[PDB]
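In the structure tokens that follow, a single protein chain appears in two forms: structure 1, then structure 2.
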Structure 1
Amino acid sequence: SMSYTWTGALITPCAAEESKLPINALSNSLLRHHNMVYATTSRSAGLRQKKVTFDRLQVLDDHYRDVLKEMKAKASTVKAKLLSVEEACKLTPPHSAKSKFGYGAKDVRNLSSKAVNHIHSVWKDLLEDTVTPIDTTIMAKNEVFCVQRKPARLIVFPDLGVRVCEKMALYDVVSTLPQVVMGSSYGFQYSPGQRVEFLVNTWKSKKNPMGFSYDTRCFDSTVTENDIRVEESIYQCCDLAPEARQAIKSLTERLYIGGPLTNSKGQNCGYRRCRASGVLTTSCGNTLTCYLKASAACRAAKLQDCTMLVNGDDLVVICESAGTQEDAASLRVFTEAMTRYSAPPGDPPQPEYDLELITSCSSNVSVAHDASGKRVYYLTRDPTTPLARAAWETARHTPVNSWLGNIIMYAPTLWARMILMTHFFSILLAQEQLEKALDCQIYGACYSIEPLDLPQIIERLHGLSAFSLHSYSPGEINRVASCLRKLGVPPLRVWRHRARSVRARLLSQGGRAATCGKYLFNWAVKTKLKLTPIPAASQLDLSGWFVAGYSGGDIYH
């Protein structure tokens, strides 16, 4: 069937949309080539609709069914609980889209009566009706990039009432099931450091390692009714309350399999027969489906000593090489199998024999050196999108602060330390907003973070090593330098100069601010300070951070 059917009604915005980078008094200090930076808007949604609309064929063989049986046997060991209305409510982000039925996210969060009462009626309807398709809104994402222009991604999501109900039925399931079914292959269980560790140990575990990333073309669109029903049958293996079983059956039939699409004006835009990108099960559903298909394709291609790492639609495989000719042949067969299962590639995969050249989840393993001179592996990425977004964020308040997310996830990196930390601490100092909590997104879920906790956060996730790294790789240094030339970002020596100032200003404030100065900016001084563990570091509850992925899942932790 077709992934989408369209009526011709447009995908429409809620408010005016900016596509050009906003400029303020701070912009030039970060980036001179403003025309290189853009945001996607609904006005390009038609281009996206074109790309994501196609027929899906699916041919399922014994490998597919063998792997599904295995996954189901592991899923049968999972026991999951229903969430209360109140529990689900507290998982709703403050900025989440309002209901059509007369309440908003903040009415949900402080548990207003009107909100709770509608949520109860949505649940009851789900229990009582397992056939009536549930309304969804289709919107165009506003995301920031550097010109290479990408059309807007689409988001499809049900009403706030339903979203709360999804959490009630499925939050526990999607939080716990994937690691049990997929074990070490489940990507969202890892911090950046742990992900590095897994990749490195896996690479070393092979006599002659070969790895490839596999890019499915428009993964959500390739997901069929079959796939979504199969994913439900996996959830149904769990030990669940009777109401949970019913609600999951109902959500699958009425929501997950497909449904009508409504624009922000209330017009029927058409019909969806593929993955909704804005439902609770998007991440878990995609991960299970990617893993199921990839696992079976590995068996089809007879890949030797395969190890998969799967993060929703993002897939990387490390295996034993058979030489370049046989590896190329193997991947072609792997790709043929994936194609038959309805996951054909965007870029065809290519075997890689250098771990540092494998990009997976937009990132790669690289190497630098700690204080002792000892080599330390860490996760990095091309800093172009991070810097484009940081520039947008310099002039505009956004619901999600990608700069803060990038500092957390990419703290050991040359570009996050020298540029992101320096820039945004300067901004926070000037406004005296060091103490103000900011929202960021990690593995799809929204976190309120106090910037002053950064040193504790980085110590816990990455270790004190992250404040001491030096002698980065020629490839990494060149990629950063190239990026700065592209965007017209000041050379790394200007940032060192600015960092000395930011460090000194922070030290003058004493307290947590001084702690930021000492740890975050020790790289900036010729004669360093001795960095020892931070006392308060244990107090922070980082449980829940790297357990599961929740993209489009409307989660607040």
Structure 2
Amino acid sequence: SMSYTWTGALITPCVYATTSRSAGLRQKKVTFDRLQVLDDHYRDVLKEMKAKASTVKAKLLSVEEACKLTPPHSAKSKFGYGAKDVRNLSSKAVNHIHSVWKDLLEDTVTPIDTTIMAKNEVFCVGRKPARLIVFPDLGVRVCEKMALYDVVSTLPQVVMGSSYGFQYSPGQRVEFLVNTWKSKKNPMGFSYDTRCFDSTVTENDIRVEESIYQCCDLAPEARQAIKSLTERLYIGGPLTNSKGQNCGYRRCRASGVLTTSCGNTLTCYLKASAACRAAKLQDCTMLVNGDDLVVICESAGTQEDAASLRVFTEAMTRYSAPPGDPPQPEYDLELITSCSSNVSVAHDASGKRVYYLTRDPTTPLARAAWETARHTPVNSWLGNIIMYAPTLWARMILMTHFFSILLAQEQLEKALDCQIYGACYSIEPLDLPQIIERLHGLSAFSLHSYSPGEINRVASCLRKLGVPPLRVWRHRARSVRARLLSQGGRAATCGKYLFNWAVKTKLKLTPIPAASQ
């Protein structure tokens, strides 16, 4: 069936940014008839998964638990309250959510409304159209957590095991990839890019996902709500623009429901697993985060692997998940990008090899540049500093430049909102040494001798963007550093740890103590 049907009603508004002006380009991209044919490989895998699901027990969250787990900056309800009101258990929001939950149990058919908007996201320049998000009202969102919050995390882990990527901290991901890679005699890996994965998700895919939830041991009321949410919301429904006008109907995954991530993870794992069997990949290990898929297996030979991947892709396509980028076999782990990252090697103080996650700095640099400029309530630069703390480009460029700006504006102690790892943290910049040491270990203040590919990518990327060479940054760093040290206190600690790389004569970096008093 068609992933979308449109009524012509415009999708109205809520280095460049995406806007509603390109919504037409995306709609054309995401709108197509899906054809899905399933075979015994798919059925065999689904049965194995259901058997694992059958061992999971999961519980209803009360209205209050679900409110407390509601993120602070969610789009407000059209029923007179917003995310802060939910977090604060205001009577207004509490009363409405109870009415919404009751209606979910008593009505299991009436399509639930959703809003569609185009995202505003910053990119560097072939310009990409804005992403479309589809989401139900805040009240419904909280009820989703009541029914399914205890499901959507626990369940995929049990079903998929080490393949479920969301269980891993950043160092655990690296560890899993490197160990998997080193366990093959002749490793071959490839990422698989599904073309607009959300649009490829069929009604059958979504009823399958529901059938897998129900394999869980649930409360009766939870089964009812999960069935209802599926029928009224998940499988499809009407789309409303920001103006209150209907602009079409959906028959695929909505991007902004609680089950988007769990569901894409299960369905991607299910389809890919079966496709591995169809292709006869040997000693397969998969890693899955939602729609993002990477496979590492035992090489059968250069042309064999190429043929294998083409048969892999044919299976995924039959299963309704056709490739955006045709997949490509790699024989070097560094060259495999999954979840916008790749493993790379450097050396620590004693010259030990340290693997860490890095990525092409283009988008992080562009967004940070954008945030310097227009002073946005969004601080993506700080999140990138944390996520990619060990990297060449985060240490020498982003840290240097932003601690530079923090000093000048004397903002060293103003906490910034930071959305990372699926949560919104209130981050004080002086905490960065302690944060980094926990996430990445001390080696992250001491890494040197980065790979030639990594260095080339960074230096080349800077040139493309008109950013000063790394040499400029090392010089600026030494200045920012001395300023931090001179101020002493927590500022000094930042100079000592975050910038010991810019200095000839290294200070000794010892384990930073937890807070006292």
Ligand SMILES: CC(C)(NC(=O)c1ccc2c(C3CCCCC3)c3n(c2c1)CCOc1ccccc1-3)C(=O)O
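Here the rigid core means the biggest group of C-alpha atoms that line up within 1.5 Å when the two forms are laid on top of each other. Structure 1's sequence is the ruler for residue numbers, which start at 1.
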Problem set entry | Pair member that is the form solved without the named molecule | 1
For this session: Have a look at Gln58, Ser44, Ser501, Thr53 and give me the residue whose C-alpha moves 2 Å or more between structure 1 and structure 2, with the fit done on the rigid core.
Result: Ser501
Exercise. Would the C-alpha of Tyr443 be classed as shifted by 2 Å or more between structure 1 and structure 2 after rigid-core alignment?
Worked result: yes
Exercise. Hey, does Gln433 budge by 2 Å or more at the Cα between structure 1 and structure 2 once the core is superposed?
Worked result: yes
For this session: State yes or no: after fitting on the rigid core, is the Cα displacement of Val67 between structure 1 and structure 2 at least 2 Å?
Result: no
Problem set entry | Distance moved by the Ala513 C-alpha between structure 1 and structure 2 (core-aligned, Å) | 2.9
Exercise. Once the two forms are fitted on their rigid core, how many angstrom does the CA of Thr532 move between structure 1 and structure 2?
Worked result: 1.3
Exercise. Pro242: how big is its Cα shift between structure 1 and structure 2, in Å, with the core superposed?
Worked result: 0.9
